[PDB]
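In structure tokens, one chain follows: the form deposited in one PDB entry.
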């Protein structure tokens, strides 16, 4: 129903000196008057609203405004430093004619805000916070071009991104609060837009078919679907009508040529009879806009693209790679650019801020974090062979697994053409796999019992059925995939839903180019696919909460992309099954699209508790939850619903059963970066902060429990720390204890020998959600649950890893 308060400040670690991109802001403790402005029609854009409001202010001055400069957010609200003498009642004033109206609702004040920030007891007034945020943005909004919360200047785009896409630089601004002061958040950001060239070469570029004169066919008849799905949803800028601005979204496009295009006389004939103009390319198709009764047509040769449109659809791998390469940069360059932008902004010579009386600083804020110690890991075999991570990475050479799994029966399915793998590469592959496995842990034995070529994506089920029927005690199958065929999806579906056998996939390139690191990683995957154990945390160095049985949970919600068909959203929950947290299970299921609530939480938690009891013979006393992917400003309703669902699930299983519950939400999509103050303590070529640095003061909320943590070693660009925010606490933990527990849980990932960003439950929930998304891809609410349900023989293993 509420949130806890901070039980002190942690005092374990080694001090560090950092810098954060927060600039202080001062307030004058006055009273500001709140007004409401509404203009019809309601479909007018924000730029036009601002223009008409400014015109009314400037040229209807003596009637209303006397020597006063208001601030307008953009949609409905305006503010003024002094009371407007128009009156307290709803007084309305007055294409080329617009109508406005005035109100007086909710006069706000700032002394209460200052008192709340100086003494952490009462919550911060969102009305005052929004007033300051609106007053701190007016000149930038008026001058620059606003794209969401970005302020990209109109000078300099460059960096073509491939097919009809570009990258625009800018910055992002916010007035997030802090302790004793308000602070301004500045950060460099980049986005993607559409280049504004004529549509003929736009299509030529997107199809890479510039040499089309050699093949003047009316249509390709193979990529027309993708061309239509690309062009659809964009606004045109035809200028043949005299800057008429036919801003009609192109819903439908025909494919017949202008020669065969008939409507009550073709486009060429109508254009001739109207303007006496000849069309150079008649064999091209035509664009259709408006209603069918209107039948307004547009030939492709006299059309353009409007500048200033965002992209929502998916991208391509090479486009993503080149975007990352273009916008990578590094920490010193980022710091220099941030400082240059802040010094160039010159917020102290602005008429509006001068009128209100706000003052802003010039230098970055100083913070003092600390570095937590790293744990140690226990291996098995002939000798213990403990491992000590160094700079977030350790190695496995010379050590054996904790619990090996001998392999006796296995098969191999080839696929791919015989040219790239015929007889020689496979022998070396098998021999090196056997040697590496014998060196490390599981001793693969014998010769493969099956090795055949099965080209064709429709010949998977009969082959797997024959293998299962013929070879008793099958234990593993190896698959080789040529490219990006749907064979991967078909194999996953067949081996998880229908039959229930373990499978492993690998590329041809890594088979014709062997490598010890690749082979070791593949063995790491295979060992836990079969049901073994890789390593466990050393029991001596561990938290004090493990003295009694506990269970760790996690959750995630995945939403459909763009605005395509109403495919269902997917939610998932995972939980541990061992005293040392090394094994997990998943209970994915679907729900109504576009909703940020898990509805079946009670059933999921009841099932997980039943499985935990069946596997451990005990009953959990504490529960730890790690929710991921919560939009800001929608937390209290989510907390209420889930906290009630968890308690109901606990109640229904057994009467008078009530364990403790801890609720934690993680956030990785924000705009806070921490840089290193000294030049003698930069780790790596990119000069990032070391791994395991936490900050808890001077940039965090006054009377709530939260912190920052960076638990991975950056390798490219600049790092991005994660923000944790507890909501409900019932086990009365402590700050250092909880931070150490999270840091230790970051080390349990099983697919690599490196520490990672967010905990293993969060990764596992995301992975099972993505696997379910692959499961749903086939080529009806009743059949969706059956499609997502996985086989009983594989419900118990870690098939997602």
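Numbering follows the first chain given and starts at 1. Throughout, rigid core stands for the largest set of C-alpha atoms superposing within 1.5 Å between the two forms.
One more form of this protein, deposited in another entry, exists but is not displayed; see below.
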Conformational change between this form and the one not shown, one of 349, 225, 312, 651, C-alpha moving 2 Å or more after core fit: 225
Large Cα shift (2 Å or above) at residue 400 between this form and the one not shown, core-fitted: no
Post core alignment: residue 156 C-alpha displaced by 2 Å or more between this form and the one not shown: yes
C-alpha of residue 621 off by 2 Å or more between this form and the one not shown on rigid core: no
